[PDB]
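Just so it is clear, none of the values below were taken in a lab; they were calculated from the coordinates. We place every Cβ from the backbone using ideal geometry, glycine too, and count neighbours over all the protein chains shown.
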Amino acid sequence: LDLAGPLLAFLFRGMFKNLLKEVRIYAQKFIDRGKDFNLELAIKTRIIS
Amino acid sequence: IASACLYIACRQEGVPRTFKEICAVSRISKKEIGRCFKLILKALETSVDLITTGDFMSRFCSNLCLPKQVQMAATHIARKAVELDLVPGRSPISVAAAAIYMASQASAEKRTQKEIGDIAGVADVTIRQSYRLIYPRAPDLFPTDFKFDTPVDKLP
Amino acid sequence: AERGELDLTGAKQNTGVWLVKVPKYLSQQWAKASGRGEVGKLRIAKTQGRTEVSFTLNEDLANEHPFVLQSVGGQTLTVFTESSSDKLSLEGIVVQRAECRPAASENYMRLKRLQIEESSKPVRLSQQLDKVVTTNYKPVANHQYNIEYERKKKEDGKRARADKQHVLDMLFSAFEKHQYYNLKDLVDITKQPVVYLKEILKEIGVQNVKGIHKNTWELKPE
DNA sequence: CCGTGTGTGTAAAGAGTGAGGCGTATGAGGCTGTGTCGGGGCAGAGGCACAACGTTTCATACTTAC
DNA sequence: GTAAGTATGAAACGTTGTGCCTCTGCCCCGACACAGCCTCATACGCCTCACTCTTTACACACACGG
């Protein structure tokens, strides 16, 4: 039986992978541009929320 | 443009933030945020009410762990100081920081200039400059019915 | 005789060794000092038709370990060592297998529980936070990277328009290194404005359509 | 008994970091102008990973002579 | 009257065909200098101050020993 926890844990990893993918994409743009990136700006908070 | 629009909306709805509180969120510096703010206000042919020192009181004192009594005390101090022209031509944020500092030092919960500067995004030097102008007039700015453990009669 | 040769002398002598399985706490105590040359005594008692193996912990080490033998006919085991001087040798062949068990049953689990709790220290758990975090996006006039980038851009400065002769000489000199160059890569080598460089390249050079990646400039005018 | 043979106070150097205020420098903004060049998302080429019939193949019974 | 091919209904890979991104320039700009005053806001920098453990010196003391 998948209760609220395991069901929620199923969503979180998909949504956390998107978060980690998103910061990778955001950072790659700035790193290629030659300028360091701001971590706070790289994170898209709406992905998990 | 998005940062400027967000700043404009926050200012319009009555909960204005500071340019430093949008720069800390956006990926650009305060200079471009201000430039785009002015450009948008010019193009849209709209205007925004001038910020008052009481608008940044609730958020600044909520980010800090100051009680509600200290928040009201700081708000009253800042409002009376601006009414009495003790801070002519100075940014409302610096006045708010100075009021928060004096309210915290006088109240049970004390805060140093560093934490207030970080929360309000005001350099400690600016806090000192805005605090020395209202330093001699500390008591009359406080609320009449104000309880404290550290006397308002003595402060740094 | 070579580096990869194995010194199988131990096998020739048919030396016998015993394989023993022991818990971590017994070895952990040994690992505590591990240099005193003594950790205990192994006592073996034999009867007319029964043999028993037991081990006693050193009194200093503490501040009964019965042993159970196992059949070794189901699997053949050998022991070998690799010397730091690249000289592998075979110590011997295992002739018996034994296991160590705890004399105590009730309070022994207490030590195991501590180990399980101890190994649980790295197990990080989410922490409830009384007050919402207000330091994220703490107000700052300029990002540290943003001021550094602005200073770097002002320092290096824009690329200047060098004389055609010098630019031409650099282009021809670099042509020897490789047959073809990319426009973007060529700009870095020449360090000239893109528009100015393109005009110079057009004056002599031409671009050839390549079906492998894309049409790229060729430094050879013909 | 006057030699010797060791302790002790306490501020005085000796570094050893560390801190704080102040004064100078900087900036941002309006403005206006003039040469020039990278930039950060863009309208338009360019070449490959699937992809969809298709051309050939392959027994497997049969066709056509012979 | 089979023989050497004639016809027929299956698979099977592959060559254009079809997308599918992925740059590639290419216009299209803002931001550099720099002019005065102006006021406030931000940053730097430098010497003076603090202090703190850890010795450093030095008059004096207290045995000690032959």
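How big is D for chain A, in µm² s⁻¹ as a whole number, if Stokes-Einstein is applied with the Kirkwood radius of its Cα pairs at 10 °C and 1.306 mPa s?
Values: Rh = 12.1 Å.
Translational diffusion coefficient: 131 µm²/s.
Just add up the charged neighbours of A:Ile47: K/R +1, D/E -1, any other residue whose Cβ is under 11 Å from the Cβ of A:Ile47.
On the way: positive: A:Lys17, A:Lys21, A:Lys44, A:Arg46; negative: A:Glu22.
Local net charge: +3.
Where the Cα atoms of the stretch C:121-182 are projected onto their three principal axes, how long is each span, largest first, in whole Å?
Rounded to whole Å, the extents work out to 71, 34, 17 Å.
Hull surface divided by four, with the convex hull built on the Cα atoms of the stretch C:80-191: how many nm²? Write down the numbers at each step before the final one.
On the way: hull surface 95.1 nm².
The number I arrive at for the stretch C:80-191 is 23.8 nm².
Which listed residue (C:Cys100, B:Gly54, C:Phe80) has the Cα farthest towards the positive end of the charge dipole for the protein assembly as shown, taking +1 on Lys and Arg C-beta and -1 on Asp and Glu C-beta about the Cα centre?
Selected residue: B:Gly54.
Taking amide H atoms as placed 1.01 Å from N in the peptide plane, list the residues 5 or more away in sequence, or in a different chain, whose amide H sits under 5 Å from that of C:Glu218.
Those qualifying (amide H under 5 Å, at least 5 residues apart or on another chain) are C:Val206, C:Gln207, C:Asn208.
Tell me, what ³J(HN,Hα) does each residue in the stretch B:17-30 have, in order and in whole Hz, if you take phi through Karplus 6.51 cos²θ - 1.76 cosθ + 1.60 with θ = phi - 60° and put x for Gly and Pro?
9, 9, 4, 6, 7, 9, 4, 4, 9, 6, 9, 10, 8, 5
Roughly how many debye, to the nearest 20, is the charge dipole of the protein assembly as shown about its Cα centre, given +1 on each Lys and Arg Cβ, -1 on each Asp and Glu Cβ, and no other charges? Could the numbers behind the result be given before it?
Details: 67 positive and 50 negative charges, 150 e Å.
For the protein assembly as shown, the charge dipole is close to 720 debye.
Mind putting a number on the dipole of the stretch B:1-149 about its Cα centre? Charges go on the C-beta only, +1 for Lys and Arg and -1 for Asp and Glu, and I need it in Debye to the nearest 20. Before the final figure, lay out the partial values.
On the way: 21 positive and 15 negative charges, 89 e Å.
So the dipole magnitude of the stretch B:1-149 works out to roughly 420 debye.
Order these peptides, C:86-96, B:74-84, by their mean beta-carbon neighbour count within 10 angstrom, highest first. Walk me through the numbers before you get to the answer.
Working: C:86-96: 14.5, B:74-84: 20.5.
With the highest mean Cβ count within 10 Å placed first, the list reads B:74-84, C:86-96.
Stokes-Einstein diffusion coefficient for the stretch B:27-102 at 25 °C in a medium of 0.890 mPa s, Rh from the Kirkwood formula over Cα pairs: what value in µm²/s?
For the chosen part, D equals 174 µm²/s.
Calculate the mean, over all residues of peptide B:16-28, of how many other protein chain Cβ atoms lie within 10 angstrom of the residue's Cβ.
On the way: counts 0, 2, 1, 2, 6, 4, 2, 7, 11, 6, 5, 10, 4.
Average neighbour count from other chains, rounded to a whole number: 5.
For B:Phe148, what charge total do you get from the other residues with a beta carbon under 13 Å from its beta carbon, if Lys and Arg give +1 and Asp and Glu give -1? Walk me through the numbers before you get to the answer.
Values: positive: B:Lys110, B:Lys147, B:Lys154; negative: B:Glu109, B:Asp145, B:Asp149, B:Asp153.
So the surrounding residues net to -1.
Using only the Cα atoms of the protein assembly as shown, construct the convex hull and provide its projected area averaged over every direction, in square nanometres to one decimal. The partial results should precede the final answer.
Numbers: hull surface 190.1 nm².
The directionally averaged projection comes out at 47.5 nm².
So what is the calculated 222 nm ellipticity per residue for chain C, using -39500 (n - 2.57) for each DSSP H run with n of 4 or more, over all residues, to the nearest 500 deg cm²/dmol? Don't skip to the answer; put the middle values down first.
Values: 8 runs with 77 residues, N = 222.
It comes out at -10000 deg cm²/dmol, rounded to the nearest 500.
Given the options B:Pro139, B:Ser104, A:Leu41, identify the residue whose Cα lies farthest towards the positive end of the charge dipole of the protein assembly as shown (+1 on Cβ of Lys, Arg; -1 on Cβ of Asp, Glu).
With unit charges placed on the Cβ atoms, the residue in question is B:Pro139.
Looking at the calculated P(r) for chain B, what percent of the C-alpha pair distances fall above 24 Å? List each step's numbers first, then the result.
Working: 4191 of 12090 pairs.
Above the 24 Å cut-off, chain B has 35 percent of its Cα pairs.
Any chance you could check the Cα centroid distance between the stretch C:77-109 and the stretch C:170-189 for me, in angstrom?
What the calculation gives is 65 Å, centre to centre.
Work the Kirkwood hydrodynamic radius out for chain C: mean of 1/r over every pair of different alpha-carbon atoms, inverted, in Å. Please list the in-between numbers first.
On the way: mean 1/r = 0.0360 Å⁻¹.
That comes to 27.8 Å for chain C.
Through the Karplus equation 6.51 cos²θ - 1.76 cosθ + 1.60, θ set to phi - 60°, convert the phi angles of the stretch C:40-51 into ³J(HN,Hα) values in whole Hz; use x for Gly and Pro.
x, 10, 9, 10, 10, 10, 10, 10, 4, x, 7, 10
To the nearest 20 Debye, how big is the dipole of the stretch C:128-222 about its Cα centre, given +1 on the beta carbon of each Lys and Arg and -1 on that of each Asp and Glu?
Working: 18 positive and 14 negative charges, 65 e Å.
So the magnitude is around 320 debye.
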